[PDB]
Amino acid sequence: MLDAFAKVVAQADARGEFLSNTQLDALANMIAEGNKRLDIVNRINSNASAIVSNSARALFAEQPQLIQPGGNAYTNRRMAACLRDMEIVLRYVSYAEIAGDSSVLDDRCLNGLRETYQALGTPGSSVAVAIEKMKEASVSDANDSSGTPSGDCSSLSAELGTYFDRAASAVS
């Protein structure tokens, strides 16, 4: 997998080039935004159980057919797997956020997921709703200044939103 730094390096190596002063400057900027990126990831890790369970609770309340007998989330084994998938997506998004690159998300997690759900009979549009709820809960936590020095994190929050969106598209 690649983080944002490794990605610039891999692109540079294939051309046999040293990074440019301009590229080095863009990486310094990312280093400067590091504490803030770490706050965002810490907010996700610190609220992981809530982000997942509250979003699932909301999904099953909006889509009760998922949990009735014969629904894809009926029986505790299936309910457990559904909560697990939501947690997996949230973990991979959080990995993408600390890496500042969607690679780990795309390769270890989203690649083929759409096919997997179609084969299982898991409704992908419902999984996307689950992911959109986790995104909303997360972006809301990321935008909350309680616990951090006040400042602008709009770039980072927007970036976090793009990762959740990549996940929501891939499952459908």
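Numbers follow the displayed sequence, beginning with 1.
- request: Using only the Cα atoms and their B-factors as the entry lists them, report which of 7-15 and 149-157 averages higher.
  value: Higher mean C-alpha B-factor in the PDB entry: 149-157.
- request: Could you check which stretch, 44-52 or 135-143, carries the larger mean CA temperature factor in the entry?
  value: Comparing 44-52 with 135-143, the higher average CA B-factor belongs to 135-143.
Most elevated Cα B-factor in the entry, residues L38, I31, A58, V104: Highest C-alpha B-factor among the listed options: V104.
field: Where the record places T116 (Cα B-factor, split into thirds across the chain)
entry: It falls in the top third of the chain.
- prompt: Going by what the PDB entry lists, where does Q63 fall on CA B-factor within its chain: lowest, middle or highest third?
  reply: As the PDB entry reports it, the C-alpha B-factor of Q63 lands in the lowest third of its chain.
Third of the chain's Cα B-factor distribution that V171 belongs to, per the entry: Its C-alpha B-factor belongs to the highest third of this chain's values.
message: Ranking every modelled residue in this chain by its Cα temperature factor as given in the entry, which third contains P69?
response: Lowest third.
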